[PDB]
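Starting off, we have a lone chain in the form deposited in one PDB entry, written out as structure tokens.
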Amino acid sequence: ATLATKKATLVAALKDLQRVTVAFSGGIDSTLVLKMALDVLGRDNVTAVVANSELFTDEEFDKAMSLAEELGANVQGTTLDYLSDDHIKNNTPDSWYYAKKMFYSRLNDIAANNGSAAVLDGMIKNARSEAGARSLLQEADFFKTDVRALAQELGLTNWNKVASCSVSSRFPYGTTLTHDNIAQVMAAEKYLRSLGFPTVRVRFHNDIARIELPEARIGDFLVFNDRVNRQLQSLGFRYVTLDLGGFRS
């Protein structure tokens, strides 16, 4: 009921596992799991693994890696190659499930090799089980309130403040993903973010880019129409369009 009880539940679970591998994204939840794993088991009994793949930017990978080092963890990157999977390459609605399966399977191979007793992720009370990953925060009945509370108790102040999605969301279901069109959309969103628009999606429709921006920024945005049009055309789109519905129509 109290936070002190739930933290104690989490300290006891970590002591029992003795040695863990942590699925680390840089968000506040995995930051709390990793910091508690370090404080309870020590640096040499924790391995933080950050996933690098073609579906996420190298920028999020470098930031997640540097966050783990700043907490004082041994951090190890692993590269997954999600497009080896037919369900991800053709982006079926079931893609998410197979993506998680490939993710958790690699962490069990890593955890097996380093002698950990379990793989931990950051999920809270509101294919992980198929691979046997442990969600200690959810087992100790943490809610988002309890994460912020115990993060403040531990002096954690730095974490990825916006948790991303995979670039597959920029493609309609059934569209085949390639290393090129993925690079195309990610270059396009990175360029838009460089003009000062941190929240943006460049949705992919073959020869059409359909830009989603938050509606409150559209007025500030017209000064960039022509540069955005020309820049995304050089990236391979034949038309660059602004979606009148805005961000997530």
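Rigid core: the largest C-alpha set superposing within 1.5 Å between the two forms. Residue numbers run from 1 along the displayed sequence.
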item	value
Of 196-204 and 46-54, which departs more from this form in 7 other deposited structures of this protein by CA RMS after core fitting	196-204
Higher-deviation stretch (C-alpha RMS, rigid core fit) in 7 other deposited structures of this protein, choosing from 57-65 and 217-225	217-225
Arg128 dropped in a third or more of the other entries	yes
Interval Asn126-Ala127, deposited residues with no coordinates in the entry (none, 1 to 3, 4 to 9, 10 or more)	10 or more
Mean temperature factor over C-alpha atoms, higher-scoring stretch between 148-156 and 83-91	83-91
Stretch exceeding the other in mean C-alpha B-factor - 112-120, 171-179	171-179
Largest Cα B-factor, entry values, listed residues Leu71, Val75, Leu137, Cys165	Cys165
Criterion, highest CA B-factor; candidates, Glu189, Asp220, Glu215, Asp39	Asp220
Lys63 - which third its CA temperature factor falls in, relative to the rest of the chain	middle
Ranked C-alpha temperature factor of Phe103 among modelled chain residues, by third	middle
Entry-reported Cα temperature factor of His205, expressed as the chain third it lands in	highest
Third of the chain's Cα B-factor distribution that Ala8 belongs to, per the entry	highest
CA B-factor placement of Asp29, once the chain's modelled residues are sorted into thirds	lowest
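One more form of this protein exists, namely the form deposited with a small molecule bound; it is left out here, but the text below deals with it.
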| item | value |
| --- | --- |
| Residue (of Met36, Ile211, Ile28, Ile182) lying close to the small molecule in the entry with it bound, criterion heavy atoms within 4.5 Å | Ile28 |
| Contact stretch among 167-175, 148-156, 115-123, 84-92 - heavy atom within 4.5 Å of the small molecule in the entry with it bound | 115-123 |
| Residue contact check: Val202 to the small molecule in the entry with it bound, 4.5 Å heavy atom | no |
| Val50, heavy atom within 4.5 angstroms of the small molecule in the entry with it bound | yes |
| Touches the small molecule in the entry with it bound: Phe24 (any heavy atom, 4.5 Å) | yes |
